[PDB]
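Protein chains in written order, with full-length UniProt numbering: chain A, 304 to 542; chain B, 304 to 542; chain C, 98 to 193; chain D, 567 to 758; chain E, 567 to 758. Backbone N, C-alpha and C fix where the C-beta goes; we use that ideal spot for every residue, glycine too.
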RNA sequence: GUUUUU
RNA sequence: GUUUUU
RNA sequence: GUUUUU
RNA sequence: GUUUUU
């Protein structure tokens, strides 16, 4: 029998930094001690929230449209600013620009939050232009996008990813930008997404009882392949 | 054979706050070391206590009747006080009030203890009015209860949870209040339970050899669905 | 139950009456108004008992607690010649 | 069906024996049990399984400290005052606040003062300075049951510190119990 | 085949119900999912499973410290501001910076100040001086859901230190949550 | 509630 | 290399 | 030497 | 004494 050896408590070596507290790995925090009377769990009630289940993934929120650099008043510079709230006019000639600006994720309310949370990301971005005109107004508008561009200057969109918008019943037009960068993941708050330009293709037509100019709204969201990766410090403070 | 690696004692990382003592979780305290000679357990003797088994759940005690704001003398304000010891009179007219007050758990000896122990709770509350009259006395008395009420004022009980009491052989009358609050659990010592009113329905009748007024006692206990949840600090000191 | 149905209504008419659809508000949008301006708003849920002429006003009086679901129908009519867009959104107490 | 007895009409003089879980109903009411947590917080083992402050002692020297241990009329432990007798394991939480030294801790139900002079026989676990231990004292009681109220309902606690230099400090104490056996519930306590 | 709806031509007034994972294509484009790590960093459990600074308190004496705990409008935890309601376990990370002593820590959602006077009933884990602990407070909330914004969205934290001599110091606090249940996402926050 | 992990 | 221990 | 414990 | 937990 093992009576040739005196019985003893197990001896173990304690690794470096015992007592060190890891506030980075979730696998570490979830295992923390419980101040609960019996280290028990509670029964959650989604109904009171009107939901059938909790919200598990945040990416889905990044996939929700939000106005770009939204303002109370339309672009007072013929749309050459970041305001995603500009006017299209009977006055503007074809090839004239109704909007132009360099796009960044922070220009979007929902996205700007992730920009201040995660350090990198990847995936396609979707922009939806909604022109609110009357049933009589007609015309076309081509909006292109040069991925990764930086020179904020009007330029032919023949080689850019563009979408021609013909006014009808569904006056909301989408444009997808697939992920385009040297790196596999890209800074959330780094290099611009590219040059966004919406040029006039065919003058907005009208009649005696219809407006000679209409309002437009530009929204932005992440694609179904969107992803965010490293959480980083904050660059701004919300309220 | 594993002789390509020198044999070693296991190495392990020690989580944050080693030596910290958890005085909140029972699962923690029950595992504490034993100063017992052989870390042994004793044989308990219930018989000496006249019992066949120990007492495992405290809720059962909360389910034991106790007089509300008990006093040595009956209500000297026609029952408009918190005293659950008032008089019903031949003199009081129908619809006149024999008792009225806002009910709180602390108004009950047994319950007040849980009030000073737990922070929240849930379940129905049962009040039992015991009118002690002679075999000749007859009459009716309606006691209602407006759950969650705060305005201590006499009001028609037609819409309140009421119970009409007709004097007979069993002169103890019960009234149940089912749990009524916005929250799933409710503060043990927070918002009132409601307005408790016992109005006269039919004047207490009597004769030459019977009393013209009798004594009444109001008790309170928790329902079979009663529960208490979080233990909190104390708001009072017992003796 | 009146077998002759001198009242040709569903027997549970009076019961469901308070859940009936009702006009909660009306307002005239002014053309001058800027983007993001608040056109109109309705206190929820006490608006369904807005006046003593509301089907639900009756019962709502005899109870202090409420738990209900809503079905709104914001209506805005404008001739074809005109254009514009409004944002109809529900704002829980947290948002408000 | 439902009897008039279960509808509120009863007699207070027909309640014995003690402990009648009679159901109470009305047309729109039924006893509904809803649980918010995976377990009970009313069970004696759980509630009392959580400690509560007891007292503090400041020591400027090794002199021994013996204090009667009793149930609280102050914290959530007051729920014990609803009972008359107790028996079972006793968890004692001691914190040694000192710079350099050791704290001898021991527990005995024995009323004799002398038995505690030689502390080693009793127990005397050692908490190094700046450390806190939780010792579970068994029911080495010469009495089958402990009246829950007694100024010494719980056995006496002994603390002697083996200091090294002029160092001094204070010893805070917390108490909790492991699986408690309470019997014969008595009337609720009064307030001060 | 592909419909014109999935090619960009749509109507903003036909988006309800909320949550339409509609695919968007073009001749040379298709949604391509590429994962750089073995798991997601967008999942609520993972992201929030990582703490973030909250606040610091400097104590020159044992006086108790109670502070409302709320969601951050500052760190990566700000992603919570996108929601309206919360419920679940709460991980509190406390660092006790002191030379010689002990730190009592407790958490309660109860708004009443008095309930916290007797700290022991609530919890009061003990972090010896120079040590840091991570306690996970359960959802002992009297409200089924916690509006995520409230200055007290998260329950109050209590810190009382049992110092021994003239020693003083400071207590830094960090917060994180275990498995969080968020509901009814609201509009994105503004910047200061 | 696979709501630590597979 | 049962050269940690059986 | 069940002479740690069953 | 499932009287740590299932």
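Item: Nearest to residue 586 of chain E by alpha carbon, out of A/366, A/428, A/340, A/458?; Value: A/366
Item: For a minimum of 4 consecutive residues, which ranges assigned as the alpha helix (DSSP H) are wholly contained in the stretch 153-183 of chain C?; Value: 154-157
Item: Compile a chain-ordered list of the residues in the stretch 146-163 of chain C whose CB is closer than 8 Å to at least one CB of chain B.; Value: 159, 161, 162
Item: Give the residues of chain C in contact with residue 388 of chain A, contact being defined as C-beta atoms less than 7 Å apart.; Value: 132
Item: Would you list the one or two residues that DSSP bridges to residue 474 of chain A?; Value: None; residue 474 of chain A has no bridge partner.
Item: Alpha carbon to alpha carbon, what distance is there between residue 540 of chain A and residue 317 of chain A?; Value: 41 Å
Item: Please confirm whether residue 701 of chain E and residue 671 of chain E have their CB atoms less than 9 Å apart.; Value: yes
Item: Does residue 450 of chain B have its Cβ less than 9 Å from a Cβ in chain C?; Value: yes
Item: Is the Cβ of residue 135 of chain C closer than 9 Å to any Cβ of chain A?; Value: no
Item: Look up residue 618 of chain E in the DSSP assignment and give the residues it is bridged to.; Value: E/741
Item: Does residue 192 of chain C have its Cβ less than 9 Å from a Cβ in chain E?; Value: yes
Item: Near residue 479 of chain A, which residues of its chain fall below 7 Å by C-beta distance, leaving aside the five closest residues on each side in sequence?; Value: 427, 429, 526
Item: Chain E partners of residue 526 of chain A, CB-CB under 8 Å?; Value: 590, 597
Item: Beta carbon of residue 847 of chain D, beta carbon of residue 503 of chain B: below 9 Å?; Value: The structure shown has nothing for residue 847 of chain D, since chain D only spans 567 to 758.
Item: Thinking just about the alpha-carbon of each residue, which of D/709, D/601, D/757, D/666 is nearest to the one in residue 733 of chain D?; Value: D/666
Item: Of all the options E/617, E/602, E/631, which has the alpha carbon lying nearest to the alpha carbon of residue 536 of chain A?; Value: E/617
Item: When the distance is taken between beta carbons, is residue 668 of chain E closer than 9 Å to residue 358 of chain A?; Value: no
Item: Which same chain residues end up closer than 8 Å to residue 612 of chain E when comparing Cβ atoms and leaving out the 5 residues on each side of it in sequence?; Value: 605, 606
Item: Do you know how far the Cα of residue 663 of chain D is from the Cα of residue 656 of chain D?; Value: 22 Å
Item: Could you check which residue in B/319, B/491, B/519, B/315 has the C-alpha nearest to that of residue 696 of chain E?; Value: B/319
Item: What do you reckon, are the CB atoms on residue 740 of chain E and residue 619 of chain E nearer than 9 Å?; Value: yes
Item: Can you list the residues of chain C that residue 485 of chain B reaches, using a CB-CB cut of under 8 Å?; Value: 162
Item: Can you tell me where the beta strand (DSSP E) holding residue 428 of chain A begins and where it ends?; Value: 428-435
Item: For residue 364 of chain B, count the other beta carbons within 10 Å of its own beta carbon; 16 or more makes it buried, fewer makes it exposed. Which is it?; Value: buried
Item: How would you list, in chain order, the residues of chain B whose beta-carbon sits under 8 Å from the beta-carbon of residue 689 of chain D?; Value: 338
Item: Does the beta carbon of residue 345 of chain A sit closer than 9 Å to a beta carbon anywhere in chain D?; Value: yes
Item: With 9 Å set as the bound, which would you pick, yes or no: does the beta-carbon of residue 142 of chain C sit closer than that to a beta-carbon of chain E?; Value: no
Item: DSSP state of residue 468 of chain B, grouped into three classes?; Value: strand
Item: By the three-class DSSP mapping on this structure, what secondary structure does residue 573 of chain D have?; Value: helix
Item: Report the rounded CA-to-CA distance for residue 723 of chain D versus residue 344 of chain A, giving the unit in angstroms.; Value: 36 Å
Item: Let me check understanding here. Comparing Cα to Cα, which of E/572, E/727, E/688, E/594 lies closest to residue 631 of chain E?; Value: E/727
Item: Mind listing the chain E neighbours of residue 115 of chain C? Cutoff is C-beta to C-beta under 9 Å, in chain order.; Value: By Cβ distance, chain E contributes nothing, its closest Cβ being about 26 Å from residue 115 of chain C, past 9 Å.
Item: Going by beta carbon distance, what residues of the same chain come within less than 8 Å of residue 510 of chain B, once the five residues before and after it are set aside?; Value: 439
Item: To test your reading of the DSSP string, which unbroken beta strand (DSSP E) runs of 3 or more residues are found completely within the stretch 500-531 of chain B?; Value: 516-525
Item: Does the CB of residue 619 of chain E have a neighbour CB from chain D at under 9 Å?; Value: no
Item: Would you call the stretch 411-427 of chain A and the stretch 454-467 of chain A in contact, with 3 or more CB pairs under 8 Å?; Value: no
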